[PDB]
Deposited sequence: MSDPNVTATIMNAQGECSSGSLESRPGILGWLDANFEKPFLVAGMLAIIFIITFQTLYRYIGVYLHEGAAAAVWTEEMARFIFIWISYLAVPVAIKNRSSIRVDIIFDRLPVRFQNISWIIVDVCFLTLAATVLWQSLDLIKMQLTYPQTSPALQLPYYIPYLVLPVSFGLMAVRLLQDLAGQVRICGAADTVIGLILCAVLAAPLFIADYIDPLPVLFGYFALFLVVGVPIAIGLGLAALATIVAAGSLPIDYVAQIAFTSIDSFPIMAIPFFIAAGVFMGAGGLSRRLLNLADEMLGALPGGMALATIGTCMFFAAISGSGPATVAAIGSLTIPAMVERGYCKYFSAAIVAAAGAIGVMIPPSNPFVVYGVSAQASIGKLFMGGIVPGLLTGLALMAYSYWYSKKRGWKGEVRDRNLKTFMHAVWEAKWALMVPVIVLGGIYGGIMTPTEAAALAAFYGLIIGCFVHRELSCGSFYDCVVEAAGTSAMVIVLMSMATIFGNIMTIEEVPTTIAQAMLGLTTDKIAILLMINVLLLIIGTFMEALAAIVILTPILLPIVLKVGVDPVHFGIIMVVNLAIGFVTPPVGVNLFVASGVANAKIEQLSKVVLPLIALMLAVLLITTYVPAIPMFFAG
């Protein structure tokens, strides 16, 4: 039973992920050529999103903040892992018990869906099964950990969790917010994945404070991600994965070299041109650093460039991946803020270009200063046309994502789906076990975000029920009322947050609070989105938690403490673009 002991869920993720790609793609093709199908895809997409979690525990690849986990000894590192499993097991069991009761009640009173007509107890079997699988995978890893740690450690880990959860039941009533934030910080600091840290924080408040009936959690979990716009996350992630691993990044890098290889520092100008070209393919920063940093960094060092400068320019140059569409943070914002994704995408183009121009100019200045130079080659119209022809598959995707959205032809999630379908086609017919493994990786990666959004929706709901967005809004207005003085305060706050928190985690936590106040003083909701994303993209390359630095440092085996100094000038040039977009809303929103 080894195949079921390890790879039980993976076949379903592969089967489901392919389905929603085909279902949504077929829905789109017939729609354009010229309705119940969306209901089916949304039900399946919920199935893979929660089935894929059990995998993410056995791989132990859950996204989390490990700023102090790394600092802790090995012994304390193990204790942190047993605590994470217990905490994540408390959440998994609770959503299991409520999910069963919810199904039992739904059986008593049947209730069918609009289009499919399925009883609602059928599509909700994801909650009991998936949190049923999740709970066992936790039990396996917990069993393995206790073998690794021992009897003394295990009781230390368990007793610590007992004291952690004791106050919730000891006291009949405790204030909602202190418990909500107090626990969210603890789980975040200890090492629990952010998505889970939110869920347990919300779950703890419901218990002690009774903000919502406990039965709401399961219903919120399924309903919070029952929307079509959110489906653009897995589609874009799949499209990037099937193409990032392809090796077309080398074809772009050759094209970027052709354009900008002649100028002094032309190599570092080629790197930035590549990341910008690959920014219109991948919707992530670290996907861009890894997909390009793997190639350019060893090449730059060999040509003579300092490795640290090669690591720096690649980290910052890759942050453009989230600016130029596609990009996850915009999709996370468009869903969490209920803003227009078709407008956020076009919003970030101009800030993305300005950041690239800013870096290219600085690179030109640095190279000319240090005497660095590019390669020698007789590039001409013949060679340029040859390079364009080679990267054609890479350059075809931006047409689909932009033409579909900007042109008003397709919804953002429809255009995302066509991209993944295209990624598969070029992911096999231009390059089975590897293809099977990639599909698991895309679904595993998407589920890392959707589960975060579901747990955030429960979190955001408890905050709204406590009028937190107004409590913050009144304090800010009273302190100052000027729109400019306000946008400065937000932009600073996000900068401090970006050095400590993940981009997507911060977006979902903060958008529920910041969105109203900035709207009161007349900031466009979309404009605040571009500010938020651009302000968090700079968070990729800001220590200690550099979401892009870590990838580049690994590809170069550098030292972050030393790589941080090299990239500091690059941060400043990005902050210049940040202020320009914030306080000159005309140009960043030229299209949007």
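> So which bits of the deposited chain never got modelled?
Replying inline: Deposited residues absent from the model fall in 1-28, 63-72, 470-473, 635.
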